[PDB]
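Trainee: Next comes the structure file start_1.cif, holding mmCIF, C-alpha atoms.
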```cif
data_coords
loop_
_atom_site.group_PDB
_atom_site.id
_atom_site.type_symbol
_atom_site.label_atom_id
_atom_site.label_comp_id
_atom_site.auth_asym_id
_atom_site.auth_seq_id
_atom_site.Cartn_x
_atom_site.Cartn_y
_atom_site.Cartn_z
ATOM 1 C CA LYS A 19 83.905 113.118 78.534
ATOM 2 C CA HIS A 20 85.401 113.237 82.111
ATOM 3 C CA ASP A 21 87.311 116.557 82.659
ATOM 4 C CA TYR A 22 89.851 114.532 84.584
ATOM 5 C CA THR A 23 92.673 117.144 84.795
ATOM 6 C CA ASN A 24 90.373 119.671 86.631
ATOM 7 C CA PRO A 25 91.235 120.960 89.191
ATOM 8 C CA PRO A 26 95.031 120.571 88.994
ATOM 9 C CA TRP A 27 96.442 118.283 91.653
ATOM 10 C CA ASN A 28 99.690 119.492 93.182
ATOM 11 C CA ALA A 29 101.657 116.373 94.116
ATOM 12 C CA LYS A 30 104.740 117.968 95.739
ATOM 13 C CA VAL A 31 103.897 117.760 99.399
ATOM 14 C CA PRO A 32 101.836 114.493 99.203
ATOM 15 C CA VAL A 33 104.875 112.952 97.541
ATOM 16 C CA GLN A 34 107.406 114.355 99.989
ATOM 17 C CA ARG A 35 105.365 112.869 102.825
ATOM 18 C CA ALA A 36 104.889 109.546 100.980
ATOM 19 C CA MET A 37 108.652 109.384 100.228
ATOM 20 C CA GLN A 38 109.482 109.044 103.917
ATOM 21 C CA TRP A 39 107.872 105.552 103.606
ATOM 22 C CA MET A 40 109.920 104.568 100.538
ATOM 23 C CA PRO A 41 112.199 102.197 102.572
ATOM 24 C CA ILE A 42 109.008 100.198 103.479
ATOM 25 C CA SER A 43 107.572 100.500 99.992
ATOM 26 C CA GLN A 44 110.801 99.090 98.530
ATOM 27 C CA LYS A 45 110.819 96.141 100.955
ATOM 28 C CA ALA A 46 107.145 95.307 100.605
ATOM 29 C CA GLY A 47 107.165 95.826 96.834
ATOM 30 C CA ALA A 48 110.096 93.450 96.407
ATOM 31 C CA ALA A 49 108.352 90.931 98.651
ATOM 32 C CA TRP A 50 105.153 91.034 96.557
ATOM 33 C CA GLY A 51 106.784 91.702 93.179
ATOM 34 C CA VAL A 52 105.024 95.087 93.120
ATOM 35 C CA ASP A 53 106.534 98.357 91.850
ATOM 36 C CA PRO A 54 107.639 100.556 94.841
ATOM 37 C CA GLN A 55 107.060 103.656 92.728
ATOM 38 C CA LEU A 56 103.382 102.656 92.273
ATOM 39 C CA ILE A 57 103.035 101.959 96.025
ATOM 40 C CA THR A 58 104.528 105.372 96.808
ATOM 41 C CA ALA A 59 102.237 107.123 94.298
ATOM 42 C CA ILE A 60 99.210 105.430 95.885
ATOM 43 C CA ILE A 61 100.302 106.474 99.365
ATOM 44 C CA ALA A 62 100.623 110.087 98.160
ATOM 45 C CA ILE A 63 97.209 110.011 96.431
ATOM 46 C CA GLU A 64 95.341 108.171 99.243
ATOM 47 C CA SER A 65 96.632 109.244 102.694
ATOM 48 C CA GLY A 66 99.130 111.887 101.506
ATOM 49 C CA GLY A 67 101.655 109.976 103.649
ATOM 50 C CA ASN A 68 99.629 110.075 106.905
ATOM 51 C CA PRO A 69 99.714 106.615 108.517
ATOM 52 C CA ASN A 70 96.692 107.495 110.675
ATOM 53 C CA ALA A 71 94.504 108.248 107.668
ATOM 54 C CA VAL A 72 90.811 107.295 107.580
ATOM 55 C CA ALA A 73 88.862 107.409 104.324
ATOM 56 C CA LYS A 74 85.820 106.135 102.435
ATOM 57 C CA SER A 75 83.993 103.520 104.442
ATOM 58 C CA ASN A 76 86.731 103.325 107.116
ATOM 59 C CA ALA A 77 89.516 102.529 104.666
ATOM 60 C CA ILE A 78 92.582 103.019 106.895
ATOM 61 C CA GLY A 79 96.221 104.047 106.831
ATOM 62 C CA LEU A 80 98.913 104.937 104.308
ATOM 63 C CA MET A 81 97.286 103.151 101.365
ATOM 64 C CA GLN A 82 93.712 103.611 102.717
ATOM 65 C CA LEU A 83 92.906 99.924 102.602
ATOM 66 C CA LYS A 84 89.462 98.693 103.791
ATOM 67 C CA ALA A 85 89.636 95.717 106.239
ATOM 68 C CA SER A 86 86.437 94.002 105.441
ATOM 69 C CA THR A 87 86.920 93.958 101.637
ATOM 70 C CA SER A 88 90.472 94.401 100.392
ATOM 71 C CA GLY A 89 92.083 93.399 103.675
ATOM 72 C CA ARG A 90 89.995 90.259 103.860
ATOM 73 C CA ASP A 91 90.905 89.457 100.230
ATOM 74 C CA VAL A 92 94.594 89.575 101.203
ATOM 75 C CA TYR A 93 94.042 87.394 104.275
ATOM 76 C CA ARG A 94 92.121 84.867 102.182
ATOM 77 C CA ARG A 95 94.807 84.623 99.509
ATOM 78 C CA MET A 96 97.446 84.279 102.761
ATOM 79 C CA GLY A 97 95.311 81.347 104.001
ATOM 80 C CA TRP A 98 94.559 83.366 107.122
ATOM 81 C CA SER A 99 91.170 83.527 108.793
ATOM 82 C CA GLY A 100 89.527 86.854 109.284
ATOM 83 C CA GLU A 101 90.713 90.267 108.274
ATOM 84 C CA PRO A 102 93.158 92.914 109.529
ATOM 85 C CA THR A 103 92.263 95.109 112.482
ATOM 86 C CA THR A 104 92.161 98.870 112.498
ATOM 87 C CA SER A 105 95.340 99.039 114.609
ATOM 88 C CA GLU A 106 97.142 96.692 112.167
ATOM 89 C CA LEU A 107 96.193 98.954 109.244
ATOM 90 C CA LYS A 108 97.496 102.010 111.121
ATOM 91 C CA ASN A 109 100.899 100.278 111.362
ATOM 92 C CA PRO A 110 102.939 101.591 108.358
ATOM 93 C CA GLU A 111 104.732 98.293 107.749
ATOM 94 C CA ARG A 112 101.590 96.156 107.921
ATOM 95 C CA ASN A 113 99.598 98.681 105.867
ATOM 96 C CA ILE A 114 102.054 98.832 102.982
ATOM 97 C CA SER A 115 102.586 95.031 103.048
ATOM 98 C CA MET A 116 98.788 94.505 102.674
ATOM 99 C CA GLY A 117 98.435 97.172 100.042
ATOM 100 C CA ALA A 118 101.245 95.633 98.039
ATOM 101 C CA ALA A 119 99.533 92.237 98.510
ATOM 102 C CA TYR A 120 96.243 93.687 97.218
ATOM 103 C CA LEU A 121 97.991 95.241 94.201
ATOM 104 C CA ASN A 122 99.510 91.790 93.536
ATOM 105 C CA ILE A 123 96.023 90.192 93.766
ATOM 106 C CA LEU A 124 94.736 92.641 91.132
ATOM 107 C CA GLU A 125 97.755 92.204 88.815
ATOM 108 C CA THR A 126 97.827 88.430 88.968
ATOM 109 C CA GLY A 127 94.067 87.948 89.097
ATOM 110 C CA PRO A 128 91.497 90.038 87.193
ATOM 111 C CA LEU A 129 94.215 91.936 85.305
ATOM 112 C CA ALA A 130 96.358 88.857 84.428
ATOM 113 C CA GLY A 131 97.554 88.863 80.852
ATOM 114 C CA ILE A 132 98.092 92.606 80.280
ATOM 115 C CA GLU A 133 101.497 92.600 78.488
ATOM 116 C CA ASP A 134 102.352 96.349 78.369
ATOM 117 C CA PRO A 135 103.557 97.214 81.934
ATOM 118 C CA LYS A 136 102.521 100.869 81.525
ATOM 119 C CA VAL A 137 98.943 99.918 80.550
ATOM 120 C CA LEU A 138 99.007 97.510 83.487
ATOM 121 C CA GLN A 139 100.021 100.369 85.807
ATOM 122 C CA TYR A 140 97.097 102.482 84.607
ATOM 123 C CA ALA A 141 94.685 99.495 84.887
ATOM 124 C CA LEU A 142 95.975 98.835 88.442
ATOM 125 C CA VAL A 143 95.240 102.326 89.722
ATOM 126 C CA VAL A 144 91.791 102.361 88.016
ATOM 127 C CA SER A 145 91.067 98.961 89.598
ATOM 128 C CA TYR A 146 92.363 100.092 93.028
ATOM 129 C CA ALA A 147 90.046 103.189 92.729
ATOM 130 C CA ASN A 148 86.744 101.619 91.636
ATOM 131 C CA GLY A 149 87.344 97.861 91.175
ATOM 132 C CA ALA A 150 88.535 95.690 88.315
ATOM 133 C CA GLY A 151 84.949 94.782 87.317
ATOM 134 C CA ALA A 152 83.846 98.290 86.378
ATOM 135 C CA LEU A 153 87.001 98.694 84.279
ATOM 136 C CA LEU A 154 86.753 95.353 82.475
ATOM 137 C CA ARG A 155 83.025 95.759 81.731
ATOM 138 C CA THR A 156 83.876 98.962 79.774
ATOM 139 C CA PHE A 157 85.519 96.481 77.297
ATOM 140 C CA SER A 158 83.519 93.196 77.538
ATOM 141 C CA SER A 159 81.260 91.110 79.795
ATOM 142 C CA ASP A 160 83.909 88.386 79.276
ATOM 143 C CA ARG A 161 87.194 88.765 81.218
ATOM 144 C CA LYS A 162 89.371 87.118 78.550
ATOM 145 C CA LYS A 163 87.922 89.271 75.769
ATOM 146 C CA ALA A 164 88.270 92.435 77.906
ATOM 147 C CA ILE A 165 91.975 91.656 78.492
ATOM 148 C CA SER A 166 92.420 90.993 74.761
ATOM 149 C CA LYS A 167 90.965 94.419 73.978
ATOM 150 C CA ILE A 168 93.138 96.125 76.643
ATOM 151 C CA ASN A 169 96.219 94.487 75.030
ATOM 152 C CA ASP A 170 95.514 96.273 71.753
ATOM 153 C CA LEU A 171 95.880 99.743 73.323
ATOM 154 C CA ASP A 172 98.870 101.808 74.379
ATOM 155 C CA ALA A 173 98.798 103.765 77.634
ATOM 156 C CA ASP A 174 97.537 107.018 76.107
ATOM 157 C CA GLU A 175 94.772 105.151 74.334
ATOM 158 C CA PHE A 176 93.848 103.301 77.557
ATOM 159 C CA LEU A 177 93.523 106.621 79.454
ATOM 160 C CA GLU A 178 91.375 108.091 76.644
ATOM 161 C CA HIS A 179 89.166 104.956 76.734
ATOM 162 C CA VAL A 180 88.770 105.283 80.524
ATOM 163 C CA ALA A 181 88.059 109.002 80.251
ATOM 164 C CA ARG A 182 85.319 108.484 77.621
ATOM 165 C CA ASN A 183 83.719 105.252 78.929
ATOM 166 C CA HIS A 184 84.337 104.554 82.632
ATOM 167 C CA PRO A 185 81.350 105.467 84.812
ATOM 168 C CA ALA A 186 83.466 106.634 87.753
ATOM 169 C CA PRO A 187 84.862 110.171 87.455
ATOM 170 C CA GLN A 188 87.620 109.021 89.890
ATOM 171 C CA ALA A 189 88.938 106.532 87.344
ATOM 172 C CA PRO A 190 90.636 108.785 84.743
ATOM 173 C CA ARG A 191 91.447 111.229 87.525
ATOM 174 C CA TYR A 192 93.538 108.524 89.319
ATOM 175 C CA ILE A 193 95.631 108.103 86.137
ATOM 176 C CA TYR A 194 96.136 111.901 86.001
ATOM 177 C CA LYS A 195 97.137 111.976 89.692
ATOM 178 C CA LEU A 196 99.447 108.932 89.237
ATOM 179 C CA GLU A 197 101.376 110.829 86.612
ATOM 180 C CA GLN A 198 101.503 113.991 88.728
ATOM 181 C CA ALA A 199 102.951 111.828 91.560
ATOM 182 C CA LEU A 200 105.493 110.010 89.357
ATOM 183 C CA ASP A 201 106.706 113.365 88.027
ATOM 184 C CA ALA A 202 107.042 114.792 91.535
ATOM 185 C CA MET A 203 109.001 111.681 92.663
ATOM 186 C CA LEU A 204 111.698 112.546 90.054
ATOM 187 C CA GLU A 205 112.812 115.436 92.307
ATOM 188 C CA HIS A 206 113.831 112.869 94.972
ATOM 189 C CA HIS A 207 116.264 110.788 92.848
ATOM 190 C CA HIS A 208 119.738 112.277 92.267
#
```
As structure tokens, please, write out the structure in this file.
Mentor:
Amino acid sequence: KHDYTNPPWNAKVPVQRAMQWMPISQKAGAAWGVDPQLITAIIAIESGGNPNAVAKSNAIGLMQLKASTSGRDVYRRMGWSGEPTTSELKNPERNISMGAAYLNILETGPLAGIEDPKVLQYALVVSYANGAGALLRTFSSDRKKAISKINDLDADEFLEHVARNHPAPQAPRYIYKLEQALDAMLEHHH
């Protein structure tokens, strides 16, 4: 169904800009047990490495995180009242910390129990894009059964499932863009 490779996405310059933040991605990723390569890919795809980014519904900063939803979710999990400010989300360090936190919330929460780390990666970017609920309900109304079904697929099969069945066109497209970004990041390791 979704023609998710059209138009081509050229990752080179988004990735070069995102790579300048790799020191922070590495630190925050370690701190949250999140993959720095996935953080960097998300930065490239979301802000293209611009820490002053503004997006969809005033999502802000390098990872284009929304204060009142995702940001709040991170503060809740931290036992903090409230939610981040706009100026906190424009701070690269704070932005990437919170985005890593949010990725950890998804991995250890709705997506808990996915055993293939590559399928987990794909599920994480689909869930970051359009929410874990929309993804899981393409499998089952029951979380546990959804996860069980996800665990029977490999990564190619999971993409094909998302491409045929997810209602959001952005969902398979985020997997395509993730792989364009991971390929482009290879040029920066010697």
Trainee: Just give me the gap between CA of residue 85 (chain A) and CA of residue 117 (chain A) in Å, one decimal is fine.
Mentor: 10.9 Å
Trainee: If I take CA of residue 43 (chain A) and CA of residue 171 (chain A), how far is one from the other in Å, to one decimal?
Mentor: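 Separating CA of residue 43 (chain A) from CA of residue 171 (chain A) is a distance of 29.1 Å.
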Trainee: Using all atoms listed in the file, which residue out of A:82, A:28, A:34, A:183 lies closest to residue 205 (chain A)?
Mentor: A:34
Trainee: Within 8 Å of (101.9, 95.2, 99.7) (coordinates as in the file), grab all the protein and nucleic acid residues, counting only C-alpha atoms, and write them out as a list in words.
Mentor: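 Answer for this query, in the requested form: residues 43, 46, 47, 49, 50, 52, 57, 113, 114, 115, 116, 117, 118, 119, 120, 121 and 122 of chain A.
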Trainee: Write out as a PDB file with C-alpha atoms, in the coordinates of the input which residues come within 12 Å of residue 135 (chain A) when counting all atoms listed in the file, dropping same-chain ones fewer than 2 positions away.
Mentor:
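Output contents, as saved in around_38.pdb:
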```pdb
ATOM      1  CA  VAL A  52     105.024  95.087  93.120  1.00  0.00           C
ATOM      2  CA  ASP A  53     106.534  98.357  91.850  1.00  0.00           C
ATOM      3  CA  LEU A  56     103.382 102.656  92.273  1.00  0.00           C
ATOM      4  CA  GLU A 125      97.755  92.204  88.815  1.00  0.00           C
ATOM      5  CA  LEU A 129      94.215  91.936  85.305  1.00  0.00           C
ATOM      6  CA  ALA A 130      96.358  88.857  84.428  1.00  0.00           C
ATOM      7  CA  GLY A 131      97.554  88.863  80.852  1.00  0.00           C
ATOM      8  CA  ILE A 132      98.092  92.606  80.280  1.00  0.00           C
ATOM      9  CA  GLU A 133     101.497  92.600  78.488  1.00  0.00           C
ATOM     10  CA  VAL A 137      98.943  99.918  80.550  1.00  0.00           C
ATOM     11  CA  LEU A 138      99.007  97.510  83.487  1.00  0.00           C
ATOM     12  CA  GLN A 139     100.021 100.369  85.807  1.00  0.00           C
ATOM     13  CA  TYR A 140      97.097 102.482  84.607  1.00  0.00           C
ATOM     14  CA  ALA A 141      94.685  99.495  84.887  1.00  0.00           C
ATOM     15  CA  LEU A 142      95.975  98.835  88.442  1.00  0.00           C
ATOM     16  CA  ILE A 168      93.138  96.125  76.643  1.00  0.00           C
ATOM     17  CA  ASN A 169      96.219  94.487  75.030  1.00  0.00           C
ATOM     18  CA  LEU A 171      95.880  99.743  73.323  1.00  0.00           C
ATOM     19  CA  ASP A 172      98.870 101.808  74.379  1.00  0.00           C
ATOM     20  CA  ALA A 173      98.798 103.765  77.634  1.00  0.00           C
TER      21      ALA A 173
END
```
Trainee: I need the residue set behind the PyMOL selection byres ((chain A and resi 84) around 12) for this file; please write it as a CSV table (one decimal) with C-alpha atoms, keeping the file's coordinate frame.
Mentor:
```
chain,number,residue,atom,x,y,z
A,71,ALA,CA,94.5,108.2,107.7
A,72,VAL,CA,90.8,107.3,107.6
A,73,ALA,CA,88.9,107.4,104.3
A,74,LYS,CA,85.8,106.1,102.4
A,75,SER,CA,84.0,103.5,104.4
A,76,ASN,CA,86.7,103.3,107.1
A,77,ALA,CA,89.5,102.5,104.7
A,78,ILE,CA,92.6,103.0,106.9
A,79,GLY,CA,96.2,104.0,106.8
A,80,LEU,CA,98.9,104.9,104.3
A,81,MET,CA,97.3,103.2,101.4
A,82,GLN,CA,93.7,103.6,102.7
A,83,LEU,CA,92.9,99.9,102.6
A,85,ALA,CA,89.6,95.7,106.2
A,86,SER,CA,86.4,94.0,105.4
A,87,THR,CA,86.9,94.0,101.6
A,88,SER,CA,90.5,94.4,100.4
A,89,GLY,CA,92.1,93.4,103.7
A,90,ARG,CA,90.0,90.3,103.9
A,91,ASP,CA,90.9,89.5,100.2
A,92,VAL,CA,94.6,89.6,101.2
A,101,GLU,CA,90.7,90.3,108.3
A,102,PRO,CA,93.2,92.9,109.5
A,103,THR,CA,92.3,95.1,112.5
A,104,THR,CA,92.2,98.9,112.5
A,106,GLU,CA,97.1,96.7,112.2
A,107,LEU,CA,96.2,99.0,109.2
A,108,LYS,CA,97.5,102.0,111.1
A,113,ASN,CA,99.6,98.7,105.9
A,116,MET,CA,98.8,94.5,102.7
A,117,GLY,CA,98.4,97.2,100.0
A,120,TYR,CA,96.2,93.7,97.2
A,146,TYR,CA,92.4,100.1,93.0
A,147,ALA,CA,90.0,103.2,92.7
```
Trainee: Residue by residue, what does the PyMOL selection byres ((chain A and resi 38) around 12) grab here? Present the result as JSON, numbers by chain.
Mentor: {"A": [31, 32, 33, 34, 35, 36, 37, 39, 40, 41, 42, 43, 44, 58, 61, 62, 66, 67, 68, 69, 80, 110, 203, 206]}
Trainee: Once N, CA, C and O atoms are restored for region 177-203 of chain A, what would the output be as a PDB file, keeping the file's coordinate frame?
Mentor:
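Output below, filename rebuild.pdb:
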```pdb
ATOM      1  N   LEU A 177      94.076 105.454  78.712  1.00  0.00           N
ATOM      2  CA  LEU A 177      93.523 106.621  79.454  1.00  0.00           C
ATOM      3  C   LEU A 177      92.328 107.230  78.705  1.00  0.00           C
ATOM      4  O   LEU A 177      91.318 107.566  79.298  1.00  0.00           O
ATOM      5  N   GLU A 178      92.440 107.431  77.379  1.00  0.00           N
ATOM      6  CA  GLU A 178      91.375 108.091  76.644  1.00  0.00           C
ATOM      7  C   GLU A 178      90.103 107.219  76.701  1.00  0.00           C
ATOM      8  O   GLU A 178      89.004 107.741  76.922  1.00  0.00           O
ATOM      9  N   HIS A 179      90.292 105.901  76.565  1.00  0.00           N
ATOM     10  CA  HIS A 179      89.166 104.956  76.734  1.00  0.00           C
ATOM     11  C   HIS A 179      88.511 105.152  78.131  1.00  0.00           C
ATOM     12  O   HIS A 179      87.284 105.263  78.240  1.00  0.00           O
ATOM     13  N   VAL A 180      89.326 105.138  79.194  1.00  0.00           N
ATOM     14  CA  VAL A 180      88.770 105.283  80.524  1.00  0.00           C
ATOM     15  C   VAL A 180      88.056 106.619  80.702  1.00  0.00           C
ATOM     16  O   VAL A 180      86.985 106.724  81.303  1.00  0.00           O
ATOM     17  N   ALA A 181      88.645 107.683  80.157  1.00  0.00           N
ATOM     18  CA  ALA A 181      88.059 109.002  80.251  1.00  0.00           C
ATOM     19  C   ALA A 181      86.696 109.093  79.538  1.00  0.00           C
ATOM     20  O   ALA A 181      85.853 109.892  79.958  1.00  0.00           O
ATOM     21  N   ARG A 182      86.548 108.395  78.418  1.00  0.00           N
ATOM     22  CA  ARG A 182      85.319 108.484  77.621  1.00  0.00           C
ATOM     23  C   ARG A 182      84.273 107.510  78.133  1.00  0.00           C
ATOM     24  O   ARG A 182      83.093 107.774  77.900  1.00  0.00           O
ATOM     25  N   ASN A 183      84.653 106.407  78.783  1.00  0.00           N
ATOM     26  CA  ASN A 183      83.719 105.252  78.929  1.00  0.00           C
ATOM     27  C   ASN A 183      83.571 104.763  80.368  1.00  0.00           C
ATOM     28  O   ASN A 183      82.607 104.022  80.659  1.00  0.00           O
ATOM     29  N   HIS A 184      84.513 105.074  81.277  1.00  0.00           N
ATOM     30  CA  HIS A 184      84.337 104.554  82.632  1.00  0.00           C
ATOM     31  C   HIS A 184      83.279 105.358  83.347  1.00  0.00           C
ATOM     32  O   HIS A 184      83.272 106.576  83.348  1.00  0.00           O
ATOM     33  N   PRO A 185      82.345 104.708  84.091  1.00  0.00           N
ATOM     34  CA  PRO A 185      81.350 105.467  84.812  1.00  0.00           C
ATOM     35  C   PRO A 185      81.805 106.299  86.017  1.00  0.00           C
ATOM     36  O   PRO A 185      81.146 107.255  86.359  1.00  0.00           O
ATOM     37  N   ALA A 186      82.960 105.932  86.606  1.00  0.00           N
ATOM     38  CA  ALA A 186      83.466 106.634  87.753  1.00  0.00           C
ATOM     39  C   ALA A 186      84.313 107.824  87.338  1.00  0.00           C
ATOM     40  O   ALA A 186      85.358 107.645  86.722  1.00  0.00           O
ATOM     41  N   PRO A 187      83.983 109.050  87.762  1.00  0.00           N
ATOM     42  CA  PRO A 187      84.862 110.171  87.455  1.00  0.00           C
ATOM     43  C   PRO A 187      86.245 109.982  88.095  1.00  0.00           C
ATOM     44  O   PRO A 187      87.259 110.520  87.638  1.00  0.00           O
ATOM     45  N   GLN A 188      86.348 109.225  89.168  1.00  0.00           N
ATOM     46  CA  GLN A 188      87.620 109.021  89.890  1.00  0.00           C
ATOM     47  C   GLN A 188      88.596 108.209  89.044  1.00  0.00           C
ATOM     48  O   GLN A 188      89.813 108.245  89.329  1.00  0.00           O
ATOM     49  N   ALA A 189      88.102 107.447  88.071  1.00  0.00           N
ATOM     50  CA  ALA A 189      88.938 106.532  87.344  1.00  0.00           C
ATOM     51  C   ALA A 189      89.977 107.238  86.489  1.00  0.00           C
ATOM     52  O   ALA A 189      91.164 107.041  86.697  1.00  0.00           O
ATOM     53  N   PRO A 190      89.606 108.054  85.486  1.00  0.00           N
ATOM     54  CA  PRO A 190      90.636 108.785  84.743  1.00  0.00           C
ATOM     55  C   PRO A 190      91.437 109.742  85.638  1.00  0.00           C
ATOM     56  O   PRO A 190      92.624 110.037  85.385  1.00  0.00           O
ATOM     57  N   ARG A 191      90.788 110.319  86.627  1.00  0.00           N
ATOM     58  CA  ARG A 191      91.447 111.229  87.525  1.00  0.00           C
ATOM     59  C   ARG A 191      92.585 110.524  88.267  1.00  0.00           C
ATOM     60  O   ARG A 191      93.621 111.164  88.580  1.00  0.00           O
ATOM     61  N   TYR A 192      92.475 109.239  88.593  1.00  0.00           N
ATOM     62  CA  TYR A 192      93.538 108.524  89.319  1.00  0.00           C
ATOM     63  C   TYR A 192      94.748 108.368  88.393  1.00  0.00           C
ATOM     64  O   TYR A 192      95.890 108.450  88.853  1.00  0.00           O
ATOM     65  N   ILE A 193      94.500 108.145  87.098  1.00  0.00           N
ATOM     66  CA  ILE A 193      95.631 108.103  86.137  1.00  0.00           C
ATOM     67  C   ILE A 193      96.334 109.467  86.063  1.00  0.00           C
ATOM     68  O   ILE A 193      97.574 109.524  86.103  1.00  0.00           O
ATOM     69  N   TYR A 194      95.567 110.550  85.967  1.00  0.00           N
ATOM     70  CA  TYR A 194      96.136 111.901  86.001  1.00  0.00           C
ATOM     71  C   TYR A 194      96.977 112.085  87.272  1.00  0.00           C
ATOM     72  O   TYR A 194      98.132 112.546  87.220  1.00  0.00           O
ATOM     73  N   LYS A 195      96.430 111.797  88.457  1.00  0.00           N
ATOM     74  CA  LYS A 195      97.137 111.976  89.692  1.00  0.00           C
ATOM     75  C   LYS A 195      98.367 111.070  89.776  1.00  0.00           C
ATOM     76  O   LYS A 195      99.397 111.509  90.322  1.00  0.00           O
ATOM     77  N   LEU A 196      98.296 109.831  89.251  1.00  0.00           N
ATOM     78  CA  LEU A 196      99.447 108.932  89.237  1.00  0.00           C
ATOM     79  C   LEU A 196     100.609 109.617  88.509  1.00  0.00           C
ATOM     80  O   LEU A 196     101.721 109.599  89.015  1.00  0.00           O
ATOM     81  N   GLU A 197     100.301 110.184  87.357  1.00  0.00           N
ATOM     82  CA  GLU A 197     101.376 110.829  86.612  1.00  0.00           C
ATOM     83  C   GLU A 197     101.860 112.090  87.306  1.00  0.00           C
ATOM     84  O   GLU A 197     103.064 112.363  87.237  1.00  0.00           O
ATOM     85  N   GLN A 198     100.996 112.870  87.977  1.00  0.00           N
ATOM     86  CA  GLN A 198     101.503 113.991  88.728  1.00  0.00           C
ATOM     87  C   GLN A 198     102.472 113.492  89.801  1.00  0.00           C
ATOM     88  O   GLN A 198     103.545 114.095  90.110  1.00  0.00           O
ATOM     89  N   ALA A 199     102.160 112.384  90.474  1.00  0.00           N
ATOM     90  CA  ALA A 199     102.951 111.828  91.560  1.00  0.00           C
ATOM     91  C   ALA A 199     104.289 111.300  90.990  1.00  0.00           C
ATOM     92  O   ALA A 199     105.340 111.537  91.587  1.00  0.00           O
ATOM     93  N   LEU A 200     104.243 110.558  89.888  1.00  0.00           N
ATOM     94  CA  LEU A 200     105.493 110.010  89.357  1.00  0.00           C
ATOM     95  C   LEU A 200     106.419 111.153  88.932  1.00  0.00           C
ATOM     96  O   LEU A 200     107.614 111.079  89.188  1.00  0.00           O
ATOM     97  N   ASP A 201     105.862 112.178  88.347  1.00  0.00           N
ATOM     98  CA  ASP A 201     106.706 113.365  88.027  1.00  0.00           C
ATOM     99  C   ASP A 201     107.323 113.966  89.288  1.00  0.00           C
ATOM    100  O   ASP A 201     108.527 114.275  89.320  1.00  0.00           O
ATOM    101  N   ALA A 202     106.538 114.129  90.346  1.00  0.00           N
ATOM    102  CA  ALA A 202     107.042 114.792  91.535  1.00  0.00           C
ATOM    103  C   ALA A 202     108.108 113.934  92.183  1.00  0.00           C
ATOM    104  O   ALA A 202     109.064 114.456  92.779  1.00  0.00           O
ATOM    105  N   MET A 203     108.016 112.587  92.082  1.00  0.00           N
ATOM    106  CA  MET A 203     109.001 111.681  92.663  1.00  0.00           C
ATOM    107  C   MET A 203     110.383 111.841  91.981  1.00  0.00           C
ATOM    108  O   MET A 203     111.411 111.532  92.607  1.00  0.00           O
TER     109      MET A 203
END
```
